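Presented below is the structure to which this report refers.
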Amino acid sequence: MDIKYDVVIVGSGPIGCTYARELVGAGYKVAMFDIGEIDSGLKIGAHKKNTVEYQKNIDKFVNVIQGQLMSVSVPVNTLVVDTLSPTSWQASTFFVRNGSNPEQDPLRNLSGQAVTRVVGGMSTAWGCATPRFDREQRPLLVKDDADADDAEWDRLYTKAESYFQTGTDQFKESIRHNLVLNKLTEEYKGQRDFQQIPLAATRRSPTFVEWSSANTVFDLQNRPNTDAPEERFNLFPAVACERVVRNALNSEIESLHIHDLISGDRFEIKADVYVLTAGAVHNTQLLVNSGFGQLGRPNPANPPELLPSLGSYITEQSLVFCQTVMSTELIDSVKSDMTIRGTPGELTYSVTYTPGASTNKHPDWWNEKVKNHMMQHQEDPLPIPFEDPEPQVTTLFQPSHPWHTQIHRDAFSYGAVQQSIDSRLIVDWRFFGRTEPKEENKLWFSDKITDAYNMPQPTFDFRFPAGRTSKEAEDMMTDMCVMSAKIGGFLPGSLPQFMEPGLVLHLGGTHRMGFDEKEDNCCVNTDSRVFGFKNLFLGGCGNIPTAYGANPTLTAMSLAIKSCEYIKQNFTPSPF
Amino acid sequence: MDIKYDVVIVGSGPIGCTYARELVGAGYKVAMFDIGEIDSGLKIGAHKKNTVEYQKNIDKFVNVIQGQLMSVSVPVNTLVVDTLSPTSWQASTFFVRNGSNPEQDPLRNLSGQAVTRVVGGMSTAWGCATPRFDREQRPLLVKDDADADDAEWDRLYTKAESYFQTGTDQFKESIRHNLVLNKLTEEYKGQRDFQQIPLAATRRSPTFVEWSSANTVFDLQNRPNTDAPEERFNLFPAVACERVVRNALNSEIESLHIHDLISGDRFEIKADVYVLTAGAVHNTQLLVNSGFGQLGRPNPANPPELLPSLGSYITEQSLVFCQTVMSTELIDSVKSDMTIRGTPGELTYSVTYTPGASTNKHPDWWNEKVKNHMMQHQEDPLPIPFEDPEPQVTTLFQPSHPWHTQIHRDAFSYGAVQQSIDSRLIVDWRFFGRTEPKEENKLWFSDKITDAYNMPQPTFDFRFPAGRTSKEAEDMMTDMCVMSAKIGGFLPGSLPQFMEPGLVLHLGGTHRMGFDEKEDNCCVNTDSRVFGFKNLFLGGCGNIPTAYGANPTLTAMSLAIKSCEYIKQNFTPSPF
Amino acid sequence: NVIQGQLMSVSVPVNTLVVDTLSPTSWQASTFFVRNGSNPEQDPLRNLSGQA
Amino acid sequence: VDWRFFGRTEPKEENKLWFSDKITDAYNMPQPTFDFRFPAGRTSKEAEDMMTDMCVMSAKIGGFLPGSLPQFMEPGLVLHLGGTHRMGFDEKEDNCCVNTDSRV
Ligand SMILES: Cc1cc2nc3c(=O)[nH]c(=O)nc-3n(C[C@H](O)[C@H](O)[C@H](O)COP(=O)(O)OP(=O)(O)OC[C@H]3O[C@@H](n4cnc5c(N)ncnc54)[C@H](O)[C@@H]3O)c2cc1C
Ligand SMILES: Cc1cc2nc3c(=O)[nH]c(=O)nc-3n(C[C@H](O)[C@H](O)[C@H](O)COP(=O)(O)OP(=O)(O)OC[C@H]3O[C@@H](n4cnc5c(N)ncnc54)[C@H](O)[C@@H]3O)c2cc1C
């Protein structure tokens, strides 16, 4: 570890890695620090689902996810346990136990919010859905010229899509996928369009998908190396970044204070450029611990000196979920084109179809799989092949249905494998609402309570705003109930519900971007530069200042590509 | 990849790494194949609990464990779900669904048995408890000379302890450990002795333990390399080993058939020596797929040609568990030496003690930690420091209490997170019973159903034997109830219970060792050589033929070391 | 069930269970107010909660 | 087979049933409020020793039924409350409310 770099990046998630890819490639001497460790295979920061064992047992991946999601703010527990033995030590109050946060109102929390501290960040376990935002959901990068703003976002997204290897055809030959897609296309003919979820992923075989991650964006290997002999990059895992040191004039960051967790020593790292990409919660924490914003419980009677909008206007999406069990009609329709002789298990059994018959409701690739499955597993009562890939269907946010949707199967933290119903029958429904930014919705940090790394304890004061946000959330629930019934009935134990606030992990606006600090109530400009500071940049979903329903990471990455363009224009790499 | 090795080893768990450590060091050309992949970071095969993040959030590690444990044999599900929507598809039977095993009687199963497929095997997640077996539990290595047998086991276990870095001091300054240790010592004075659980682990700091694993035994780096230029080792992950090929006379193994899961290629690998260390289930599966034992439902009207005892005489330990909440008397005793004046939280409050006072119940180090906690955290009502390490207590198996005990905290698959009671108050109790080997207790493999890697499906036919095994398992439950009461009452939600059969993952006897194939109803001799075969060796808990209660891995390691001695005496390494 | 049906709890403390999955349109509490027959005088940790 | 072991509780002045002067019950009478903990000392020692006795004695008949593992029941679920208008010989010396004729 040197004491001096051209650029230091805090965090090795996909956004930090976007800065690394751009700046390392442009010849800067770059260090990256992560509080977490390489724990993840030979490919550093790669998706943990990309193992043979996980792709043969996807349900087990829910456990991996649970294992690395650490709750941000847990209120003081008030559960009454009054069946302890009379000899056991017994509480007289609900005192602060087990890491809980006494600052946290349990009724104004994002109790589902959590963070991951591992190299690659949450991209080691994420779902890889990377849709673009439409105008309605997106902040402006160019004022008073929509066509120009659109062109700039098209340019940025196109590059972000290449970095993540986003595509919309990796599930094109799944029967379950096309079954669901075709039925919904028909049911909403001329009202709503359906397509594959845009996924950051590359299909490697009919049973293996290489899901993208941070590693895809930047492989995190130290440079120079054989493959990049003129590049300079070092990743330092197990290092907690604690503070950026401001100059007295509040115009420049002068150093980064770090704590090496393995040795316990502290150090002061110098760079020309500092990029904070620690996630939406921890970028905010690091800033507040550095003198930006206001530490402690918000107190308006006292103006903060710097970035007064920091931690305000936070947004988290409403998320409604259910699972369904595919209708008899749709299952029957899978074999609609089959000719069925004799009985299963018997010499007489025969299942056939004619490749290319124009009377066929399905393509040949489909009928061939159905025929083969039905003939090779005559004990099985379903027409869907065992290895058929999962559905991955969406109808993207529109003004007339202002929510994002995913009609799919994937692992999340609130997964629950159930074993009783055949898994080929099951489809997950997740609709995601947009949340209006309001000043009163805040992430703040205690001036007395600290977290497990001795940093100020994050506290939320959040409610979903009344008015459009609330009305839309409920309309979204009803839309999921109505749309899902086209495919099948609810699965018992996964009935339609709102999910715990924050479980969706789409938190935005904690360090929000705009054109003018005061007018747009914001913290960073459109180059992701912290107002007033020459050399401090923030990346991530914390920058997004709007109400959005779609998954935000692609949009964060795009902002980050725009930020690196500024940096390249304004700082000169040191001599190699 | 080469065509030809001196030694090939199937599996990279700690038993295969024992073979590697011995045989790479003695100059053999060694290849090792594992069906799983590297996924503990840069130290290949290391303990996954060795991150800062897990040691600050140990309960989250239960999810890691659950994530990698795959159930061996799941019977067909017969749960009634009768509240599906009428439009949803439903079969008319409980058909074979979701990977279940139609061979398996649900009432004669080890439903908790599970396997892990990752480089380092189960040692990437294990508890690291490495006790020695006393004579009562231990197979004989020398018959008719008990002191010769004693000396041989002492020499082997001492070696094994060195490989695993086993010690009994890593928790010596934990207040919770010493509170429990001291109380149990005093209460059973004259009857039972207590000590620290022997742990394969090295303390790095007061808040971090480096838990041992396969990596500690052998670092699994390919050789030659700078640190080992005269050594020859290749590790090949993501390779399923499927069969060893017998010569016509059943006197030698001729090759090993493997399937590379990434390329799909299949190869026959040749070696002078073949060592199988794939675990107690998968060793057995590989052998039965290679024409040892009997494939299919056991059929006594049809003696197998080879290894008649293979998969019979299986033993799994009964496991009883509870958690307790520390007694008010014990908690008050933590502070017995303190003089406490004033009211907590006021500037008049003080906690002091008299250093060195002959009448102090605790040592100065303890009282200092108590004092510092109470003064620095006046809002907290307990005297136990927040980062105090967990208890790690045992009274080892003896004839008058013929069960192993762990009185501790650690992460297992059945962990259940608890939030209303302070974790400092909670102690886990796990008592482990020994199970008599009976011929009727079997692991067999389907001749029609295959598993996810297309190998014969494991099936259990198991019940705990009546007579001594069942009597002792109940006496053990009572013992836990009696002993645990000395410390505190049970924690609601963790009441005293038997655990699902096999969840303890201490399965033995599947390929058991003995002196004489026929008289001792066994598969390998005391060199772990398969009877009849000059060049085939099995390692692991499958070899253990006795009824044991303590954790088996150190003993299996000691057997592997002995095996390696035989290999050194009988096979010459190839010129390097 | 007959027994359950005729045993009426003597003192039930104010309920502090967190329900944070209501729809945003539903009316919700800013406090754990006295609800559903509960007894605001009762310390939940010094009760005979099964008395009826 | 069901096993129920019932412990005795030392009468302590601080263990009280009292009635609110503002909150009322469903029949518009003063609402009952408890202030109770099992006394430290003999009551608590006996209660734990009583749990241990049930575990030891039950094991002679059979092992526990899953889902009915040994536990303490919620305080008061036993409905054996006493001492709320206690008897004795002398109102002051025996801290009581009725004499041995049950007369107030
Ligand atoms: C199960 C799952 C499903 C999701 N699915 C999707 C989806 O389909 N589409 C999508 O767009 N989003 C999804 N997300 C969210 C997505 O993963 C995140 O938006 C994304 O990873 C954010 O990237 P980032 O680089 O800003 O932050 P993170 O990925 O959170 O990385 C931040 C990093 O910084 C580190 N760090 C934190 N504090 C410090 C400090 N003080 N010092 C040093 N390092 C620090 C961390 O250890 C971490 O590695 C999902 C996430 C989860 C967990
Ligand atoms: C949570 C938990 C706690 C435990 N606690 C303890 C404890 O405290 N003390 C203790 O003694 N024991 C404990 N154990 C058990 C201990 O981990 C095992 O006894 C030990 O790991 C066995 O070592 P092994 O090398 O024989 O087998 P394994 O560790 O199972 O390794 C066998 C390996 O072979 C591989 N393999 C399997 N099939 C094939 C194939 N066909 N081809 C190629 N490779 C294959 C696997 O991928 C695997 O890595 C615990 C286990 C767990 C999971």
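Residue numbers (our numbering), protein chains in the order written: chain V, 1 to 576; chain B, 1 to 576; chain F, 1 to 52; chain P, 1 to 104. Positions of the beta carbon are idealized from the N, C-alpha and C atoms, including for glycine.
One alpha carbon belongs to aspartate 388 of chain B, the other to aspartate 265 of chain V, and they sit about 22 Å apart. No heavy atom of ligand 2 is found nearer than 6 Å to the CB of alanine 556 of chain V. Under a criterion of Cβ atoms nearer than 9 Å, the residues of chain V adjacent to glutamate 48 of chain P are, in order, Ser85, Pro86, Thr87, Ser88.
Interface flag for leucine 42 of chain V against chain B is set, since a Cβ pair is found closer than 7 Å. Here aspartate 451 of chain V is buried. Its C-beta has 16 or more other C-beta atoms within 10 Å. Judged by beta-carbon spacing, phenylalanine 34 of chain P lies within the 7 Å limit of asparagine 47 of chain F, meaning their Cβ atoms are closer than that value.
Contacts with chain F at 7 Å (Cβ-Cβ) do not include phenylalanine 6 of chain P. For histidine 506 of chain B, there is no enclosing alpha helix (DSSP H), since its DSSP letter is neither H nor E. In the DSSP assignment, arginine 223 of chain V falls within the unbroken beta strand (DSSP E) covering 223–225. The count of Cβ pairs closer than 8 Å, one atom from the stretch 185–196 of chain B and one from the stretch 218–225 of chain B, stays below three, leaving the stretches out of contact. According to DSSP, residue pairing for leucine 256 of chain B in a beta bridge involves B:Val244, B:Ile269. Excluding five sequence positions before and after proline 39 of chain P, the CB atoms of its chain that fall closer than 6 Å to its own CB belong to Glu10, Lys12, given in chain order.
Among the CB atoms of chain B, none fall inside 7 Å of the CB of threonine 9 of chain P.
Beta-carbon to beta-carbon, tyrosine 163 of chain B and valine 217 of chain B are separated by about 5 Å, close enough to satisfy the 8 Å threshold.
In summary, the residues of the stretch 396–425 of chain B whose CB is separated from some CB of chain V by less than 8 Å are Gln419, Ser420, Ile421, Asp422, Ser423, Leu425, in the order they occur in the chain. Approximately 3 Å separates the beta-carbon atoms of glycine 120 of chain V and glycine 45 of chain V; this is inside 8 Å, confirming the contact.
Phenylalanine 33 of chain V has its Cβ nearer than 6 Å to a heavy atom of ligand 1. The residue from B:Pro575, B:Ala556, B:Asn551, B:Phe571 with its alpha-carbon nearest to that of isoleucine 197 of chain B is B:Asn551. For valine 78 of chain P, the nearest beta carbon of chain B is not closer than 7 Å to its own beta carbon. If you compare the alpha carbons of B:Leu382, B:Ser420, B:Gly415 with that of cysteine 322 of chain B, the shortest gap goes to B:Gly415. Using a cutoff of 6 Å, the CB of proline 300 of chain B does not count as near ligand 2, since none of the ligand's heavy atoms is closer than that.
Using a CB distance cut-off of 7 Å, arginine 37 of chain P counts as an interface residue toward chain F. The C-beta separation of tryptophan 153 of chain B from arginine 176 of chain B comes to about 33 Å, leaving the pair out of contact by the 8 Å criterion. Below the 8 Å Cβ cutoff, chain B contributes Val52 as neighbours of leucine 261 of chain V, in chain order.
Contacts with chain V (Cβ-Cβ distance below 7 Å) from the stretch 252–279 of chain B involve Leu261, listed in chain order. From the listed residues B:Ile35, B:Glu472, B:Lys143, B:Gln90, the smallest Cα separation to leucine 382 of chain V is found for B:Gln90. Note that the stretch 361–372 of chain B touches the stretch 329–341 of chain B; at least 3 beta-carbon pairs, one per stretch, sit closer than 8 Å. Residues of the stretch 12–24 of chain V with a C-beta less than 9 Å from any C-beta of chain B: none at all.
Excluding its 5 nearest sequence neighbours in each direction, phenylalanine 208 of chain V has C-beta neighbours in its own chain below 6 Å: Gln55, listed in chain order. Contact of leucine 79 of chain V with chain B by beta-carbon distance below 8 Å involves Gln419, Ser420. Pairing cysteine 541 of chain V with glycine 508 of chain V gives a Cβ-Cβ distance under 7 Å.
Between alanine 200 of chain B and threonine 130 of chain B the beta-carbon gap is near 5 Å, inside 8 Å, which marks them as a contact. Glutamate 379 of chain B and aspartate 59 of chain V have their C-alpha atoms roughly 43 Å apart. Within the stretch 327–359 of chain V, the residues whose Cβ lies closer than 9 Å to some Cβ of chain B are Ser327, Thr328, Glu329, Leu330, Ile331, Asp332, listed in chain order.
One alpha carbon belongs to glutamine 285 of chain B, the other to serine 73 of chain B, and they sit about 13 Å apart. Contact of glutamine 497 of chain V with chain F by beta-carbon distance below 9 Å involves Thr21.
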